[PDB]
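Every number in this text was worked out from the coordinates using simple rules, so none of it is lab data. So basically every Cβ, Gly included, is an ideal-geometry build from the backbone, and we count neighbours across all protein chains shown.
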Amino acid sequence: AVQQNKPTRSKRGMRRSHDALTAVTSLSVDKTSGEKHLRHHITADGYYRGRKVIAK
Amino acid sequence: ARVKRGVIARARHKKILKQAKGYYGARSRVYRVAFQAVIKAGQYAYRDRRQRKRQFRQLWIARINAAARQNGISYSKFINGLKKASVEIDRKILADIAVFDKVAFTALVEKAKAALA
Amino acid sequence: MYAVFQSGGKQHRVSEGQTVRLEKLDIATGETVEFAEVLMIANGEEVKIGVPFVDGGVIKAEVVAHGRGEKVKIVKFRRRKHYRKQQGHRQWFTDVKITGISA
Amino acid sequence: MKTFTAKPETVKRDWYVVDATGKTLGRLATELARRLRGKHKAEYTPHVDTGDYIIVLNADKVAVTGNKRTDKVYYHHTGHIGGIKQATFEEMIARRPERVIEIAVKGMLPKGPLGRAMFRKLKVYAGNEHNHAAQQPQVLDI
Amino acid sequence: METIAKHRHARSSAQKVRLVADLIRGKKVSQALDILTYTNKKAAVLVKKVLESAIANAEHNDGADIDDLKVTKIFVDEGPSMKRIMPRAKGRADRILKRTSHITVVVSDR
RNA sequence: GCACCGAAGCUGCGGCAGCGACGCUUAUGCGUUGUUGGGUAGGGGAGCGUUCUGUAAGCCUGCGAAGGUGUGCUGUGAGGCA
RNA sequence: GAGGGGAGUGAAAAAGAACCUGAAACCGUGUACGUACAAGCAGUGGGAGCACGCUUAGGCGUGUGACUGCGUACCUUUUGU
């Protein structure tokens with residue numbers, strides 16, 4: 001269909017209240033990782049849980 | 001011999017937009033809408049200026065009828081007493097003396113009863 | 001002490017050392033206005049009127065002349081009928097500082 | 001000098017206690033409205049509460065008299081296709097009795113938020129006792 | 001000082017930019033930079049260089065001590081919009097305004 | 001049956017405006033007095049503001065013009081001055 | 001790279017080449033106050049509280065306006081909205 005009036009900028013702003021993203025936050029470090037990294041993921045170097053992966 | 005407008009238009013519009021401060025939405029912003037709302041507000045501003053006189057007389061009667069029924073006399077019978085003894089010109093705004101001093105208003109009720117008795 | 005009195009147009013509730021607004025009178029700029037027109041005098045205890053105007057009472061009160069009061073925009077408008085007009089008014093008022101309540 | 005209008009803060013309200021048992025409804029509710037509003041007192045305000053807190057004793061035994069005793073209309077709505085429902089005074093006394101005096105006085109009571117601010121102070125008791133005794137409340141009759 | 005750091009003519013609408021920017025608003029720089037790292041969005045990698053550059057610009061020009069820093073104020077304003085006409089049915093014509101953004105970053109101990 | 005409420009009506013107080021009279025004046029306009037002042041179509045009267053030319057090679061003015069944006073003040077108004 | 005800041009020029013860089021003046025519409029940031037049981041052309045009359053310069057004021061001035069009396073756009077055409 002269509003609008004019957006221009007809705008207000010206030011009504012527009014009230015729609016947007018859920019829009020903003022989540023602060024990722026929970027980024028931790030490990031002993032031989034040397035890196036602050038996301039949980040349950042390999043580091044950029046190759047560390048997972050103090051195992052070196054992408055290596056022998 | 002041309003002309004180039006503009007300058008007195010926006011000054012007039014800033015005259016309107018200044019008076020349009022403190023509204024909501026377009027009414028505080030948009031010229032076509034503000035020009036309607038400000039004129040309509042002026043209509044209410046004239047009309048309500050009469051109704052001010054209505055309100056204040058009623059609210060003075062309100063406190064008089066209350067203070068009168070404590071000393072024990074309803075407002076219609078009370079006011080008729082103040083007229084019928086000595087045609088007293090103590091008054092509706094003046095009866096704030098009733099709020100401030102009770103025994104003063106008691107003297108008014110005393111001579112109101114002195115009419116009625 | 002306190003009293004009540006009638007000016008031009010209407011009455012007022014007045015104590016000494018108070019300052020109150022009045023009508024444009026013909027009294028000089030700082031001069032004193034005299035109300036013999038007074039409805040009750042009270043020392044914190046009442047001596048009211050019988051008939052209008054108390055026998056002994058008088059209220060002596062100095063004036064400040066002032067001039068023209070605040071602007072009001074009087075707006076006449078009819079809808080769908082092509083008529084509109086604006087008019088202004090200032091009025092004229094004086095104040096008075098009260099030295100009276102004498103009997 | 002403008003009106004010496006009382007503040008929200010400085011009006012002190014206080015209390016009554018009222019017995020419904022002997023009384024005629026409506027005529028009772030009328031007195032409750034004036035005491036709840038503060039109109040009886042030296043109110044002097046068109047827009048704030050000055051009126052007593054009032055509580056009620058023995059609400060069910062109120063008299064509505066005449067022949068209206070058996071047949072006054074009490075229409076009530078649920079918002080649905082069958083949503084008109086109707087009760088009459090005896091049935092309302094039979095079950096859910098306190099709401100009777102509430103809806104009877106609420107209509108007579110004025111207006112919106114300030115009225116709902118008055119309405120909160122009312123406490124109906126069908127019972128013969130109360131627990132607002134803590135306030136040390138003062139008894140009224142008309 | 002809090003030495004001003006900006007970027008002009010980014011390809012975003014400012015509305016999507018604010019989803020990234022508001023998280024970074026008023027945080028300390030260490031906690032913010034990791035958020036701005038893992039925030040997936042396209043504006044995030046754009047804003048990440050501007051914040052990191054802003055910290056370097058405060059470090060070099062005004063002088064050092066980046067260690068306890070916050071980003072105090074961050075805000076975005078519109079750039080121009082690119083005008084094209086998109087062919088739609090029966091020869092009907094669309095405005096198709098491609099929006100740009102101006103991110104501005106106040107980088108600060110306080 | 002007697003009170004009281006009840007409008008922008010009426011009277012109360014100040015101010016403004018039109019048109020007759022009467023007196024200051026002896027045009028003019030004030031000072032009294034009397035009475036009037038809802039209004040579209042529509043007729044009449046009385047006004048403001050803008051651009052440009054004349055006055056003006058005068059006058060004001062980079063110690064800060066116009067414009068822009070604020071504030072205060074002022075005329076019945078459109079508006080004006082600081 | 002784009003773009004930005006310092007440095008430097010210049011009377012001026014909020015004159016930076018997409019450049020004089022730079023309004024409104026428009027969208028933000030910062031601060032004050034208000035707002036999550038309450039209904040309507042979104043106002044006006046009344047009006048507490050609270051925040052700001054602080055006055056022979058103090059409750060004077062300014063901003064906000066809890067709550068509340070009264071309040072069915074404008075325009076055009078019309079017997080009449």
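Summary of computed values
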read-out	value
Over chain B: Rg over Rh, Cα atoms, Kirkwood Rh	1.41
Order of D:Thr65, D:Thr50 - criterion: other Cβ atoms within 10 Å of each residue's Cβ, fewest first	D:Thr65, D:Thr50
GluC sites (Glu not before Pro) lying in DSSP loop within the range D:40-142, provided at most 12 other Cβ fall within 10 Å	D:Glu129
Evaluated over the range C:49-103, the Cα radius of gyration and Dmax, each in Å	21.2, 63
Largest-first principal axis extents, alpha carbons of chain C, Å	61, 31, 21
Cα-based equivalent ellipsoid, the range D:73-129: semi-axes from gyration tensor eigenvalues, Å	22, 18, 9
Isotropically averaged projected area of the range E:6-71, using the convex hull of Cα atoms (one quarter of hull area), nm²	4.4 nm²
Within chain B, longest stretch free of exposed chymotrypsin sites (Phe, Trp or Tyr not before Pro) [DSSP loop, at most 15 other beta carbons within 10 Å]	B:25-117
Ratio Rg/Rh [Cα only; Rh per Kirkwood] for the protein assembly as shown	1.14
Two-site FRET efficiency, D:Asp71 against B:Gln70, from Cβ-Cβ distance with R₀ of 30 Å, rounded to 0.05	0.15
FRET efficiency, B:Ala45 to D:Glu91 (Cβ-Cβ, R0 60 Å, nearest 0.05)	0.70
Spatial separation of Cα centroids for the range A:1-31 and the range E:86-103, in angstrom	25 Å
Å³ per residue enclosed by the Cα convex hull of chain A	144 Å³
Trypsin sites (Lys or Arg not before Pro) lying in DSSP loop within the range C:45-74, provided at most 12 other Cβ fall within 10 Å	C:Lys71
Quotient of C-alpha Rg and 2.2 N^0.38 Å, computed over the range C:1-52	1.22
Average Cα contact separation per residue, chain C, under 8 Å, 6 or more apart, as relative contact order %	33 percent
Using a Förster distance of 60 Å, the FRET efficiency for C:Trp92-D:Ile103 (Cβ separation, nearest 0.05)	0.60
On Cα atoms only, tilt of D:98-108 relative to the major axis of chain D in degrees	60 degrees
Unsatisfied cross-links (Cα-Cα over 19 Å) in the set D:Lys61/D:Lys111; E:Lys6/E:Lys49; B:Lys92/D:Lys41; D:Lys12/D:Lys39; B:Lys92/C:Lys71	D:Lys61/D:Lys111; B:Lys92/C:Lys71
Alpha-carbon Debye profile of chain D, log10 I(q)/I(0) at 0.14, 0.16 Å⁻¹	-0.73, -0.91
Rg/Rg_ref, chain E, where Rg_ref = 2.2 N^0.38 Å and atoms are Cα	1.30
Distance histogram in 10 Å bins (all Cα pairs of the range B:69-117, percent per bin)	27, 64, 9
Estimated [θ] at 222 nm from DSSP helical runs (n ≥ 4, -39500 (n - 2.57)) normalised by residues in the protein assembly as shown, nearest 500	-9500 deg cm²/dmol
